[PDB]
Amino acid sequence: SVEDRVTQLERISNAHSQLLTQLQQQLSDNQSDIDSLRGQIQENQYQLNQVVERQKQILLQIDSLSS
Amino acid sequence: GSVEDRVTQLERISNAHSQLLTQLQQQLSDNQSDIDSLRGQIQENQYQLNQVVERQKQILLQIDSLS
Amino acid sequence: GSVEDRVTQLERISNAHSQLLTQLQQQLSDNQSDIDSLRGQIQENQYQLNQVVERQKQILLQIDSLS
Ligand code: NA
């Protein structure tokens with residue numbers, strides 16, 4: 001039963017090896033996924049910045065026009 | 001020190017690992033879900049932003065006429 | 001090999017798995033932390049966009065007074 005118990009451990013060890021390598025691959029792909037999302041959020045923030053800045057100029061242009 | 005002590009200890013660690021691996025799979029799934037969700041949220045934000053940029057371009061032509 | 005060798009080998013693999021497990025836990029926490037930070041940021045970009053939308057409506061009314 002020590003042999004059967006060692007045999008069971010080698011079996012579970014093999015499954016743990018396979019799963020750990022699968023998880024490593026997924027974790028690294030997800031890190032890459034997140035990089036793409038962060039890049040897009042940044043790009044969008046820059047775009048919102050540009051809109052806001054131009055709104056400030058528009059408001060001032062309206063003030064100039066009003067006189 | 002007996003082989004029995006050691007397979008005892010290996011069964012203990014193996015079960016710890018089994019538990020940690022489940023926890024890891026559960027939290028990875030959550031994270032991959034969050035990745036998909038944030039992707040959706042970005043896309044909806046980019047679209048609304050596209051529309052604001054375009055409304056500003058329309059505003060800027062009204063201002064030009066008045067200048 | 002003997003039960004004794006098989007055990008020694010399981011012990012080397014079990015140690016390897018503990019190390020990898022610790023590393024994958026850390027990379028999953030990193031991905032979670034990144035997600036929660038980006039969630040915060042997109043919410044803030046949406047909050048600003050909403051303000052920009054209402055400002056465009058106010059700009060239109062002001063442009064209207066000018067003609
Ligand atoms: Na505007």
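These numbers come from the heavy atoms of this one structure, side chains and all, not from hydrogens, waters or symmetry mates. In what follows, chains carry the letters A, B, and so on, assigned in the order in which the sequence lines appear, proteins first and then strands, with residues in each chain numbered from 1.
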*Side chain / backbone / both / neither for A:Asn30 at chain C, heavy atoms under 4.5 Å*: both
*Who wins among C:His17, C:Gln27, C:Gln62 for the most heavy-atom pairs under 4.5 Å with chain A?*
C:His17
*Decide if atom CD of C:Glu4 counts as having more than 12 heavy atoms of other residues, nucleotides or ligands within a radius under 6.0 Å.*
no
*Please round to the nearest 0.5 Å and tell me the distance separating atom CG of A:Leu19 and atom CG of C:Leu24.*
9.0 Å
*Within a strict 4.5 Å, meaning less than it, do heavy atoms of the C:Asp30 and A:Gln31 side chains meet?*
no
_Quick check for you: to the nearest 0.5 Å, what is the distance between C:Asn45 atom CG and A:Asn49 atom CG?_
8.0 Å
_Electrostatic pair C:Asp36:C:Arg39 at N-O distance under 4.0 angstrom_ = no
*Answer with side chain, backbone, both or neither: which region of A:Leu59 has an atom nearer than 4.5 Å to a non-hydrogen atom of chain C?*
side chain
*So with a 6.0 Å cut-off around CD of C:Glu44, is the heavy-atom count from everything else above 12?*
no
_At a 4.5 Å cut-off on heavy atoms, which part of C:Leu10 comes close to chain A: side chain, backbone, both, or neither?_
side chain
_Top contributor to chain C contacts, counting heavy-atom pairs under 4.5 Å, from A:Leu20, A:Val52, A:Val2, A:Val6_ = A:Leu20
*asked:* Taking every non-hydrogen pair under 4.5 Å, which of C:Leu49, C:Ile35, C:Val52 racks up the most with chain A?
replied: C:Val52
_Proximal component of A:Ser28, with respect to chain C [non-hydrogen, under 4.5 Å]_ = neither
*Region of A:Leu27 in contact with chain C, defined by heavy-atom distances below 4.5 Å*: both
*Considering only heavy atoms, which portion of C:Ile13 lies under 4.5 Å from any heavy atom of chain A: side chain, backbone, both, or neither?*
side chain
*May I have the step-by-step check of side chain to side chain contact (heavy atoms under 4.5 Å, CB included) for A:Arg11 and A:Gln8, ending in yes or no?*
CA-CA 5 Å; A:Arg11 272 155 187 200; A:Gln8 176 66 5; 4.3 Å; yes
